[PDB]
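Report on the following structure.
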Amino acid sequence: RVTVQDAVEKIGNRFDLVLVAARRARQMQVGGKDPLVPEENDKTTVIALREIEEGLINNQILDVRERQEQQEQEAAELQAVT
Amino acid sequence: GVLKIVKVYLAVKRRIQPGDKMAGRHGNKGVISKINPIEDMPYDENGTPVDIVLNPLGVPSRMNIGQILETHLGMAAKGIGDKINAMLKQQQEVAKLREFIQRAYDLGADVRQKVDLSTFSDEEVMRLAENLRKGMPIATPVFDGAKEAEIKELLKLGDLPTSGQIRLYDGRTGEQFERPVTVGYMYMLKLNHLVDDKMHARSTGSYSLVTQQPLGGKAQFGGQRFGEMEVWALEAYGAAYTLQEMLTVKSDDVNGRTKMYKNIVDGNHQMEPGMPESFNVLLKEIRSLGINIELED
Amino acid sequence: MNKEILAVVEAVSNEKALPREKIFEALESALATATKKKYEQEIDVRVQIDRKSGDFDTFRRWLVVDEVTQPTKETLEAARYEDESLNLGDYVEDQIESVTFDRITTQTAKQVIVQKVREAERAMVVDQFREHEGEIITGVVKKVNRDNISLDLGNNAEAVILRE
Amino acid sequence: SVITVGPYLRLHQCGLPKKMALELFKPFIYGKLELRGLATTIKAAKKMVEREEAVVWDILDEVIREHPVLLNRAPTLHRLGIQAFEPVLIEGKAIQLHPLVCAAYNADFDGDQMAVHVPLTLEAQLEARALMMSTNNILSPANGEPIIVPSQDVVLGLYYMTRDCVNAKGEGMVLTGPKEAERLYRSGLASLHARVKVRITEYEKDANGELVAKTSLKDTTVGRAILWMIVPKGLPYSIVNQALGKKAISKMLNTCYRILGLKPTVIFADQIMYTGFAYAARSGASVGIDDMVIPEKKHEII
Amino acid sequence: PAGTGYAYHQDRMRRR
Amino acid sequence: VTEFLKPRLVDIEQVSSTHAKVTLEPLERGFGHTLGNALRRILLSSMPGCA
Amino acid sequence: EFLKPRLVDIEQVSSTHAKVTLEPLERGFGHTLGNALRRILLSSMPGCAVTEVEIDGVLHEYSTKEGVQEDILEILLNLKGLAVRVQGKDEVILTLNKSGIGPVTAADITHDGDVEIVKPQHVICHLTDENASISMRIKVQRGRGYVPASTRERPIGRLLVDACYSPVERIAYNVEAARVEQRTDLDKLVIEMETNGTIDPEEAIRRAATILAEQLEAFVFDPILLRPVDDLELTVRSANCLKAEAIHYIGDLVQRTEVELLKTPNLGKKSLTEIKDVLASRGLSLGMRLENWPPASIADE
Amino acid sequence: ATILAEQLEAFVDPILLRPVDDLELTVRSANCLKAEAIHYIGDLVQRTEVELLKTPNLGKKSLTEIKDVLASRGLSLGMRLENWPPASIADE
Amino acid sequence: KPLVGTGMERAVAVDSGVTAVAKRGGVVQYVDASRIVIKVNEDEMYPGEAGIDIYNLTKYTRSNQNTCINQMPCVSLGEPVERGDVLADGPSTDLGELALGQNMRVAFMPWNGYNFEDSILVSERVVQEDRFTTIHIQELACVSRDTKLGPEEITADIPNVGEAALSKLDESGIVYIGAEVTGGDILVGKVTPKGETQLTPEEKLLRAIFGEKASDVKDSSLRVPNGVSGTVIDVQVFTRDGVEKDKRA
Amino acid sequence: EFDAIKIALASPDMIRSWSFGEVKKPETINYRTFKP
């Protein structure tokens, strides 16, 4: 990793890049989620920006996945209750 | 109220390393940057490696042209010293030493020295040559010094090149540097701004008492002052979390930094911000007047 | 003396019937022999322990022989200067030590003196075992180890049961 | 600590000593040691790094790797005086700082000192990489001028390299590419400045994002072809065809940034610095007492 | 309320 | 006193078959330059071939 | 068909330095072998310098001894410059005793049966009274390069000097044109070294060529263990010999040593030959140690 | 590498024999043995330690020095020689 | 020495006070690293107070900037000296001249970037010759104050130690003269008081053995500050009068 | 957590509400022991 130019080419604000990559790295580090790109024993920050460069992560997809994996948890709870 | 005082004198021997400060006698400073091996040094067509490689570009801007005349006259002095070492290592009688030392001591215009070795009596001349064999010392008074033609005539007494410049080979490639370079002897000083007296590092040390911030200095195991202009330079980027941990977590807030230390040794990487305790000190100092400062909502 | 040598020995709750002077010597070795290993002087050690005061001393040996090995603890022709008073084989001591032996391990008594107190407890428990040496006796097991069960018994003595 | 040069660096990384690295990164090393299972309690880890055993240096190279640091020169006047690097560990006690970056800090090497700061949290590591990294600060915010301009040794190496003389070894011979131009310079059959027809292939991007190759014979020198081996694809050959002082190399990097963007300009700034240092070393450009030529007409004017 | 924190201050100014 | 560190080439990271990038590690301090210079002068100056 | 260099003339023009001569060489090889052998000779040659000194009445190296006009530190520098050859040892301890007014030269060392001083006129210090005597022990050992004191002493009476294990001083090659042998465009490589007397010049050029040719020498879960013992191609007796010790997998056979199996008579003489035939493939019985069963590739999923 | 390698194939007891004064101990420890006209430590090894202890020429500190020397087991080990020479100590 | 000086070195060396200038000329009688004895010539000599002068040189001691102000004798034995002449060189002097740094072989060339702005590039031949190896001296003090629960203890007899806690100390706490220490060892062992409480009925035999009555203590021993090596060359012990001198004092 | 910082004058009731006890004596500490 040297430059983050295409990670700004795909998220034009350059400040939303930091929020999206921090949200992604916090999901990968403590929450225990797998990286969507195969790593090379990089740290979670570079893996976050490496997922940004592929395009498969931004704030839209992160909100989609948090709503679907919150509805999945509450659906599992409701089907366990009733 | 003291019983006995014990004083102990440690005697460190500090050698040299990348980071010390050396300088000549003309303002040519410098941090020594790499301690090369012997083989990589540019050598000449005799075999001897040069010891120190300076930078030429400091001369036309920083106008200290005296160091190049000092370099050429030092090479002249060492040329006379090498010729004495050659005439003495071959075990030559005192007549040839007397001849050459007399020629090296006359050598000039109307000067003040005017010595003669005919009143030294064949035993002092051997001891004077024992003291001159590592080079011949040369006095050059301040504004009445040695002109260029005298340096040339003394470089002609030794068998050195007239212009002072020897062609030098390379140590790595083993092939010649184009456009022959200036070598000589410069008298360089080590200054006592060493690098294992300035280098310092702190993860987590002691904390001050009145404002819960780290102590200042090196003897007190302290942290570097993230001053006001650095706060401006981080406002000037968009770095916002870096400045928040740079003045709440890393510095002041005590519960914030113990939460931070637990979170770092558990892999978490997260800050619970809180408030600077020195802002509460500001509230107590303004509040200790007749002024009623608060925090609304 | 430190104006206190007829009182700390006579505490005497748990070590009265146990050796008082030996416990005094062991506490002295802890306050001394702890983190100094004394020296490499390959010789026979002898501690000399007092019961009345509690304080002790450290003597070196000379170990009368007919041989040359262990040379700091090594005959009869040398005993002729002692007018043949030494016999073959004895451990006759003829040296001492100079006030050192762990001028360290002072306050630290939660591992040193506590360690020697634990050793004295183990010694007294083995002495309790020595008064019967084996008998039909019951116990109540307390710990559950692998292929062995640890049993508690009365007067703090214990046992273990093997699985085979 | 005191700074020093270290010109082998790429301009996103700086040298940082092992002793400072083991002191600044004590909690990360503690966390790494507790993760592996080598020790148990925190005390054990503090004894391990107080003793500095053989296994904590691998732990240290595994906490450094992608973790930027903020280097800061003590009179910070503008925002280019705090820049974030990646550490490369140094046997030594002096911060090795990449030379081009020095023109941003106003840092010479006459006894200067710099402070290192560690971004602890994760948002701060991302701010150091995405806003404050030294590759991201290549233009001064006061204007449009590049701040990673090559300062002093490297422009002498270029000005001696891309120049000419009216006779040298290999005057007016013809060369089938820049690769054998460097091969003729290294073997000892031509000179670094000897005018020569070469065949260069410059890529002009005249379409909409498509690079069109045009190959031709330029009457140029040997040194201009050797420096053409380092220029990226899109720039024309006439950026190196001149003599390349300091204003010309500054507008070379500026035209590279305006055409090819950021990443070729970072890698091309590094290749400029490397080839400038190497041919300034090969130049042997001293200073003598004879170099300052007195005018013969000076005494009659006086 | 300028840099990365401008989104945080947008959020806090929106949620009043 | 004679047994140095003796290397072996750790990878041959190659582009297409007439171009390559061959590394060597670990070498004793100062021997990278002497083997690079020896192999460079031998390859670049005197090889057998036809043209 | 390159012409090969052979040593022709070793002109020992003085006692320290000599001029070895290599001839013939094709054009280009002069500078190559010259720079290469220069850099090897300056880099790493076996020298015989000094490491430890123990002057008798001296505690630390910053003290002064009664009756010698130099400090103990200057005595350590003068002993650091000592030029000494050893012949059949790793390290050696030399003994010095001297009493009386005058210098303590380097020829006052009680020489052993193999240590040889090469410059006996070397001054160490000057004794300066009628009853004032030094008596020291010197430790001289082999080495390579420059090993300072800060990298590498147990009593307080030892004194550590730096160790410059390096015999040569100045290596200068001068390539020049070669005469007959009836072919031009040939070169002569003339190397003037500068030894301090501890290394023969042909031995130096031979060790340098050996080091360089040594450097160019660089380029000039087991499926058998996881399988059962009965699944082996050998007969059932070879499997049953291992299986008598309650072993079902060959990983258990690899967990135990062959010496431990040979110390049990459950295996036979033909079973030993079958075990050797199985171990000839080197998949089993290679003297390994496992955790119990599982390697990392043998993981539970 | 083949060319450069083909261009280089035309190149590629002592403690008893030592004197008593040579011991690391002080001159008094050597002089205690030397008072009985002994110059080599082999002569000290030829005589028993009991025979040396039966003579008052050695002192109390000299006995400790003799013990420190015999701790290395190179001398005073109770041996018997022919007169001087062992077989390895042969005349050539 | 300076190869290229101005001749002003002898005025700065002699007219300062670091060299040992001869008062009355004559013949040297006894040179030593400690002292120098001049026998005064008869045409310079008083009738009474017979007179041969003794110069006690100043050996290794601390300057103000933690350098090493040494004096080395530079005269031979039997050597004549004149009135107004150097006998012992001082720090940064040589034969009565003024030698601040050292003179080395320099070349002006750009060498591969390692001397970019103002930097200097030095061969290993310089560090092998031990020619910039300067000698520094640090003074470390340790006082025995007077507080509550009683005075302090310097006697190495303290707890919380290891063979590595006092393997270099003597039997009375103070480190040896000559013990080459590291960064973080113990030089002076010092224990102070903490809680008073009272006597315990557990360590009775031990209290009879030692006779100690403290019994719990703290730890405030002087240590080498973390980073510096060295060799202890000189130990001073000053005692306020009335206090018991221990065995090393 | 909190919006704006408000500054105003301090009423004597407000200063008695800040306080936890009237400081009477000027005597700082004991100075011969450790107690205040």
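Each chain in the structure tokens gets a letter, A, B, ..., in the order shown, and its residues are numbered from 1; ligands are numbered from 1 in order too.
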Closest atom pairs, residues of chain I within 9 Å of chain G, only C-alpha atoms, as a tab-separated table:
residue	atom	partner	partner_atom	distance
I:30	CA	G:128	CA	7.3
I:31	CA	G:69	CA	6.2
I:32	CA	G:69	CA	4.3
I:33	CA	G:69	CA	4.6
I:34	CA	G:64	CA	7.3
I:59	CA	G:64	CA	8.5
I:60	CA	G:62	CA	7.4
I:72	CA	G:70	CA	7.7
I:73	CA	G:69	CA	7.2
I:76	CA	G:69	CA	8.9
I:77	CA	G:128	CA	8.0
I:128	CA	G:164	CA	7.1
I:130	CA	G:77	CA	8.9
I:176	CA	G:156	CA	8.7
I:177	CA	G:59	CA	7.3
I:178	CA	G:60	CA	4.7
I:179	CA	G:156	CA	5.5
I:180	CA	G:156	CA	7.3
I:231	CA	G:60	CA	7.4
I:232	CA	G:60	CA	8.1
I:233	CA	G:62	CA	6.9
When the cut-off is 8 Å and we count only C-alpha atoms, which residues of chain E are near chain B, given as an MDAnalysis selection string? chainID E and resid 2:5
Output N, CA and C atoms for every residue in the selection just made, as a tab-separated table (two decimals), in the first residue's frame.
chain	number	residue	atom	x	y	z
E	2	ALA	N	-14.53	20.80	11.66
E	2	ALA	CA	-14.09	21.08	10.30
E	2	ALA	C	-13.78	19.82	9.53
E	3	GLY	N	-12.93	19.00	10.08
E	3	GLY	CA	-12.34	17.99	9.23
E	3	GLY	C	-13.17	16.74	9.14
E	4	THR	N	-12.64	15.66	9.71
E	4	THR	CA	-13.40	14.43	9.79
E	4	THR	C	-14.61	14.59	10.70
E	5	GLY	N	-14.53	15.51	11.66
E	5	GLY	CA	-15.61	15.74	12.60
E	5	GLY	C	-16.76	16.57	12.07
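For stretch 170-178 of chain B, the non-local neighbours within 6 Å, defined as residues at least 3 positions apart in the same chain or in other chains and counting only C-alpha atoms, are residues 39, 40, 41 and 42 of chain B; 284 of chain D; 35 of chain G.
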What does the file look like for those residues with N, CA, C and O atoms, as a PDB file, in the first residue's frame?
ATOM      1  N   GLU B  39      36.004  -0.627   2.494  1.00  0.00           N
ATOM      2  CA  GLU B  39      36.189  -0.943   1.081  1.00  0.00           C
ATOM      3  C   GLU B  39      35.443   0.021   0.183  1.00  0.00           C
ATOM      4  O   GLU B  39      35.872   0.277  -0.946  1.00  0.00           O
ATOM      5  N   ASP B  40      34.329   0.566   0.659  1.00  0.00           N
ATOM      6  CA  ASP B  40      33.473   1.407  -0.155  1.00  0.00           C
ATOM      7  C   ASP B  40      34.033   2.798  -0.362  1.00  0.00           C
ATOM      8  O   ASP B  40      33.484   3.549  -1.171  1.00  0.00           O
ATOM      9  N   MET B  41      35.092   3.155   0.338  1.00  0.00           N
ATOM     10  CA  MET B  41      35.606   4.505   0.265  1.00  0.00           C
ATOM     11  C   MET B  41      36.302   4.757  -1.063  1.00  0.00           C
ATOM     12  O   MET B  41      36.964   3.866  -1.593  1.00  0.00           O
ATOM     13  N   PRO B  42      36.160   5.952  -1.622  1.00  0.00           N
ATOM     14  CA  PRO B  42      36.948   6.325  -2.793  1.00  0.00           C
ATOM     15  C   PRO B  42      38.429   6.371  -2.463  1.00  0.00           C
ATOM     16  O   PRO B  42      38.866   7.129  -1.602  1.00  0.00           O
TER      17      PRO B  42
ATOM     18  N   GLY D 284      31.361  13.174  -9.587  1.00  0.00           N
ATOM     19  CA  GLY D 284      32.523  13.680  -8.882  1.00  0.00           C
ATOM     20  C   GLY D 284      32.628  15.187  -8.954  1.00  0.00           C
ATOM     21  O   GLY D 284      33.689  15.721  -9.255  1.00  0.00           O
TER      22      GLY D 284
ATOM     23  N   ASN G  35      39.193  -5.525  -8.321  1.00  0.00           N
ATOM     24  CA  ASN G  35      38.249  -4.984  -7.355  1.00  0.00           C
ATOM     25  C   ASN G  35      37.679  -6.073  -6.465  1.00  0.00           C
ATOM     26  O   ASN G  35      37.495  -5.846  -5.261  1.00  0.00           O
TER      27      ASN G  35
END
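Using only C-alpha atoms, the protein and nucleic acid residues lying no more than 10 Å from residue D:49, apart from those fewer than 4 places from it along its own chain, are residues 22, 23, 26, 29, 30, 44, 45, 53, 54, 55, 56 and 57 of chain D.
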For a quick test of understanding: name the residues of chain G lying within 10 Å of chain F when counting only C-alpha atoms, and present them as a PDB file with N, CA, C and O atoms, in the first residue's frame.
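Once everything was written out, this is iface05.pdb:
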ATOM      1  N   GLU G  26      42.237 -12.132 -19.871  1.00  0.00           N
ATOM      2  CA  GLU G  26      41.545 -11.478 -20.970  1.00  0.00           C
ATOM      3  C   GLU G  26      41.057 -10.099 -20.544  1.00  0.00           C
ATOM      4  O   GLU G  26      40.914  -9.806 -19.355  1.00  0.00           O
ATOM      5  N   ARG G  27      40.803  -9.247 -21.538  1.00  0.00           N
ATOM      6  CA  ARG G  27      40.495  -7.848 -21.267  1.00  0.00           C
ATOM      7  C   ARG G  27      39.120  -7.719 -20.623  1.00  0.00           C
ATOM      8  O   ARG G  27      38.140  -8.291 -21.102  1.00  0.00           O
ATOM      9  N   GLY G  28      39.063  -6.966 -19.526  1.00  0.00           N
ATOM     10  CA  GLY G  28      37.884  -6.845 -18.706  1.00  0.00           C
ATOM     11  C   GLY G  28      38.017  -7.547 -17.373  1.00  0.00           C
ATOM     12  O   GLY G  28      37.519  -7.036 -16.363  1.00  0.00           O
ATOM     13  N   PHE G  29      38.688  -8.698 -17.343  1.00  0.00           N
ATOM     14  CA  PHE G  29      38.875  -9.446 -16.109  1.00  0.00           C
ATOM     15  C   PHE G  29      39.895  -8.825 -15.175  1.00  0.00           C
ATOM     16  O   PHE G  29      39.933  -9.208 -13.998  1.00  0.00           O
ATOM     17  N   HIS G  31      40.175  -5.503 -14.067  1.00  0.00           N
ATOM     18  CA  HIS G  31      39.458  -4.717 -13.077  1.00  0.00           C
ATOM     19  C   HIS G  31      38.476  -5.543 -12.267  1.00  0.00           C
ATOM     20  O   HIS G  31      38.288  -5.253 -11.084  1.00  0.00           O
ATOM     21  N   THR G  32      37.895  -6.586 -12.863  1.00  0.00           N
ATOM     22  CA  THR G  32      36.941  -7.428 -12.146  1.00  0.00           C
ATOM     23  C   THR G  32      37.609  -8.195 -11.018  1.00  0.00           C
ATOM     24  O   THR G  32      37.206  -8.073  -9.856  1.00  0.00           O
ATOM     25  N   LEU G  33      38.656  -8.964 -11.337  1.00  0.00           N
ATOM     26  CA  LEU G  33      39.351  -9.699 -10.289  1.00  0.00           C
ATOM     27  C   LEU G  33      40.106  -8.771  -9.353  1.00  0.00           C
ATOM     28  O   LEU G  33      40.227  -9.078  -8.168  1.00  0.00           O
ATOM     29  N   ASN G  35      39.193  -5.525  -8.321  1.00  0.00           N
ATOM     30  CA  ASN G  35      38.249  -4.984  -7.355  1.00  0.00           C
ATOM     31  C   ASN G  35      37.679  -6.073  -6.465  1.00  0.00           C
ATOM     32  O   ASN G  35      37.495  -5.846  -5.261  1.00  0.00           O
ATOM     33  N   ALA G  36      37.440  -7.265  -7.017  1.00  0.00           N
ATOM     34  CA  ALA G  36      36.872  -8.344  -6.230  1.00  0.00           C
ATOM     35  C   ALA G  36      37.834  -8.814  -5.147  1.00  0.00           C
ATOM     36  O   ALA G  36      37.462  -8.893  -3.973  1.00  0.00           O
ATOM     37  N   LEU G  37      39.096  -9.078  -5.506  1.00  0.00           N
ATOM     38  CA  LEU G  37      40.044  -9.553  -4.511  1.00  0.00           C
ATOM     39  C   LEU G  37      40.454  -8.450  -3.547  1.00  0.00           C
ATOM     40  O   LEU G  37      40.723  -8.747  -2.379  1.00  0.00           O
ATOM     41  N   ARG G  38      40.472  -7.191  -3.990  1.00  0.00           N
ATOM     42  CA  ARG G  38      40.686  -6.086  -3.064  1.00  0.00           C
ATOM     43  C   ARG G  38      39.588  -6.025  -2.015  1.00  0.00           C
ATOM     44  O   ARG G  38      39.859  -5.876  -0.817  1.00  0.00           O
ATOM     45  N   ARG G  39      38.341  -6.174  -2.446  1.00  0.00           N
ATOM     46  CA  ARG G  39      37.243  -6.024  -1.514  1.00  0.00           C
ATOM     47  C   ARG G  39      37.144  -7.216  -0.570  1.00  0.00           C
ATOM     48  O   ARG G  39      36.788  -7.045   0.604  1.00  0.00           O
ATOM     49  N   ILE G  40      37.531  -8.413  -1.028  1.00  0.00           N
ATOM     50  CA  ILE G  40      37.570  -9.563  -0.123  1.00  0.00           C
ATOM     51  C   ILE G  40      38.712  -9.431   0.880  1.00  0.00           C
ATOM     52  O   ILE G  40      38.533  -9.716   2.068  1.00  0.00           O
ATOM     53  N   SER G  43      37.839  -6.887   3.391  1.00  0.00           N
ATOM     54  CA  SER G  43      36.624  -7.170   4.145  1.00  0.00           C
ATOM     55  C   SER G  43      36.883  -8.147   5.280  1.00  0.00           C
ATOM     56  O   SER G  43      36.746  -7.799   6.458  1.00  0.00           O
ATOM     57  N   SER G  44      37.276  -9.367   4.946  1.00  0.00           N
ATOM     58  CA  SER G  44      37.254 -10.464   5.907  1.00  0.00           C
ATOM     59  C   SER G  44      38.473 -11.345   5.676  1.00  0.00           C
ATOM     60  O   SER G  44      38.466 -12.199   4.789  1.00  0.00           O
ATOM     61  N   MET G  45      39.509 -11.123   6.470  1.00  0.00           N
ATOM     62  CA  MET G  45      40.671 -11.988   6.513  1.00  0.00           C
ATOM     63  C   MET G  45      40.959 -12.358   7.957  1.00  0.00           C
ATOM     64  O   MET G  45      40.752 -11.544   8.858  1.00  0.00           O
ATOM     65  N   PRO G  46      41.428 -13.580   8.207  1.00  0.00           N
ATOM     66  CA  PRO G  46      41.648 -14.024   9.584  1.00  0.00           C
ATOM     67  C   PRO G  46      42.880 -13.360  10.179  1.00  0.00           C
ATOM     68  O   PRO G  46      44.001 -13.606   9.739  1.00  0.00           O
ATOM     69  N   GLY G  47      42.663 -12.520  11.190  1.00  0.00           N
ATOM     70  CA  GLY G  47      43.732 -11.878  11.917  1.00  0.00           C
ATOM     71  C   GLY G  47      43.869 -12.473  13.306  1.00  0.00           C
ATOM     72  O   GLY G  47      43.137 -13.389  13.689  1.00  0.00           O
ATOM     73  N   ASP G  90      43.027 -21.689  19.078  1.00  0.00           N
ATOM     74  CA  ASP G  90      41.958 -20.712  18.926  1.00  0.00           C
ATOM     75  C   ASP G  90      42.333 -19.406  19.611  1.00  0.00           C
ATOM     76  O   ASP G  90      42.472 -18.366  18.966  1.00  0.00           O
ATOM     77  N   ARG G 142      41.988 -15.476  17.580  1.00  0.00           N
ATOM     78  CA  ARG G 142      41.632 -15.368  16.176  1.00  0.00           C
ATOM     79  C   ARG G 142      40.302 -14.649  16.030  1.00  0.00           C
ATOM     80  O   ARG G 142      39.555 -14.467  16.991  1.00  0.00           O
ATOM     81  N   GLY G 143      39.985 -14.268  14.802  1.00  0.00           N
ATOM     82  CA  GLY G 143      38.752 -13.546  14.567  1.00  0.00           C
ATOM     83  C   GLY G 143      38.676 -13.075  13.136  1.00  0.00           C
ATOM     84  O   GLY G 143      39.462 -13.491  12.287  1.00  0.00           O
ATOM     85  N   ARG G 144      37.721 -12.180  12.886  1.00  0.00           N
ATOM     86  CA  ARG G 144      37.429 -11.743  11.525  1.00  0.00           C
ATOM     87  C   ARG G 144      36.662 -10.429  11.591  1.00  0.00           C
ATOM     88  O   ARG G 144      35.532 -10.405  12.077  1.00  0.00           O
ATOM     89  N   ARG G 207      43.134 -17.427   0.279  1.00  0.00           N
ATOM     90  CA  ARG G 207      41.916 -17.341   1.076  1.00  0.00           C
ATOM     91  C   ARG G 207      40.892 -16.406   0.457  1.00  0.00           C
ATOM     92  O   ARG G 207      39.691 -16.668   0.561  1.00  0.00           O
ATOM     93  N   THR G 210      39.268 -18.344  -2.327  1.00  0.00           N
ATOM     94  CA  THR G 210      38.404 -19.381  -1.768  1.00  0.00           C
ATOM     95  C   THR G 210      37.098 -18.800  -1.255  1.00  0.00           C
ATOM     96  O   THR G 210      36.033 -19.384  -1.469  1.00  0.00           O
ATOM     97  N   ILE G 211      37.155 -17.625  -0.620  1.00  0.00           N
ATOM     98  CA  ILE G 211      35.942 -16.975  -0.129  1.00  0.00           C
ATOM     99  C   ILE G 211      35.039 -16.560  -1.284  1.00  0.00           C
ATOM    100  O   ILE G 211      33.819 -16.773  -1.245  1.00  0.00           O
ATOM    101  N   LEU G 212      35.625 -16.031  -2.360  1.00  0.00           N
ATOM    102  CA  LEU G 212      34.796 -15.580  -3.475  1.00  0.00           C
ATOM    103  C   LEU G 212      34.186 -16.754  -4.237  1.00  0.00           C
ATOM    104  O   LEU G 212      33.007 -16.710  -4.619  1.00  0.00           O
ATOM    105  N   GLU G 214      33.504 -19.547  -2.871  1.00  0.00           N
ATOM    106  CA  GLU G 214      32.462 -20.065  -1.995  1.00  0.00           C
ATOM    107  C   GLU G 214      31.187 -19.243  -2.131  1.00  0.00           C
ATOM    108  O   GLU G 214      30.082 -19.786  -2.042  1.00  0.00           O
ATOM    109  N   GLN G 215      31.324 -17.930  -2.346  1.00  0.00           N
ATOM    110  CA  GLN G 215      30.141 -17.093  -2.544  1.00  0.00           C
ATOM    111  C   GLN G 215      29.436 -17.390  -3.863  1.00  0.00           C
ATOM    112  O   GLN G 215      28.206 -17.352  -3.923  1.00  0.00           O
ATOM    113  N   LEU G 216      30.185 -17.706  -4.922  1.00  0.00           N
ATOM    114  CA  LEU G 216      29.519 -18.090  -6.165  1.00  0.00           C
ATOM    115  C   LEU G 216      29.020 -19.524  -6.178  1.00  0.00           C
ATOM    116  O   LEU G 216      28.560 -19.982  -7.227  1.00  0.00           O
ATOM    117  N   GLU G 217      29.097 -20.252  -5.067  1.00  0.00           N
ATOM    118  CA  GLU G 217      28.575 -21.614  -5.041  1.00  0.00           C
ATOM    119  C   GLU G 217      27.049 -21.635  -4.983  1.00  0.00           C
ATOM    120  O   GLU G 217      26.451 -22.685  -5.230  1.00  0.00           O
ATOM    121  N   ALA G 218      26.418 -20.491  -4.701  1.00  0.00           N
ATOM    122  CA  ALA G 218      24.967 -20.441  -4.576  1.00  0.00           C
ATOM    123  C   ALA G 218      24.279 -20.679  -5.910  1.00  0.00           C
ATOM    124  O   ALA G 218      23.160 -21.200  -5.956  1.00  0.00           O
ATOM    125  N   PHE G 219      24.926 -20.301  -7.008  1.00  0.00           N
ATOM    126  CA  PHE G 219      24.320 -20.492  -8.316  1.00  0.00           C
ATOM    127  C   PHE G 219      25.345 -20.931  -9.349  1.00  0.00           C
ATOM    128  O   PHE G 219      24.974 -21.367 -10.439  1.00  0.00           O
TER     129      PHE G 219
END
Please tabulate, as a Markdown table, the residues of chain H that come within 12 Å of chain F, each with its closest pair of atoms and the distance in Å to one decimal, counting only C-alpha atoms and ordering rows by chain, then residue number upward.
| residue | atom | partner | partner_atom | distance |
| --- | --- | --- | --- | --- |
| H:1 | CA | F:39 | CA | 7.2 |
| H:2 | CA | F:39 | CA | 10.5 |
| H:3 | CA | F:42 | CA | 8.2 |
| H:4 | CA | F:42 | CA | 7.8 |
| H:5 | CA | F:38 | CA | 11.2 |
| H:7 | CA | F:42 | CA | 11.3 |
Let me see the file: selected residues, N, CA, C and O atoms, as a short mmCIF file (atom, residue, chain, number, x, y, z; two decimals), in the first residue's frame.
data_model
loop_
_atom_site.label_atom_id
_atom_site.label_comp_id
_atom_site.auth_asym_id
_atom_site.auth_seq_id
_atom_site.Cartn_x
_atom_site.Cartn_y
_atom_site.Cartn_z
N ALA H 1 28.39 -17.12 -13.73
CA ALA H 1 29.02 -17.74 -12.57
C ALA H 1 29.96 -18.86 -12.95
O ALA H 1 30.98 -19.06 -12.29
N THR H 2 29.65 -19.59 -14.03
CA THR H 2 30.56 -20.64 -14.48
C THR H 2 31.86 -20.05 -15.02
O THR H 2 32.94 -20.58 -14.75
N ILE H 3 31.77 -18.92 -15.74
CA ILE H 3 32.98 -18.25 -16.24
C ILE H 3 33.84 -17.74 -15.09
O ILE H 3 35.06 -17.96 -15.05
N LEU H 4 33.21 -17.10 -14.10
CA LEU H 4 33.98 -16.56 -12.99
C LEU H 4 34.54 -17.66 -12.09
O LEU H 4 35.62 -17.49 -11.52
N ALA H 5 33.86 -18.80 -11.99
CA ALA H 5 34.42 -19.89 -11.20
C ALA H 5 35.55 -20.60 -11.95
O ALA H 5 36.52 -21.03 -11.32
N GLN H 7 37.58 -19.07 -13.85
CA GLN H 7 38.71 -18.15 -13.73
C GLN H 7 39.32 -18.12 -12.34
O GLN H 7 40.14 -17.25 -12.07
#
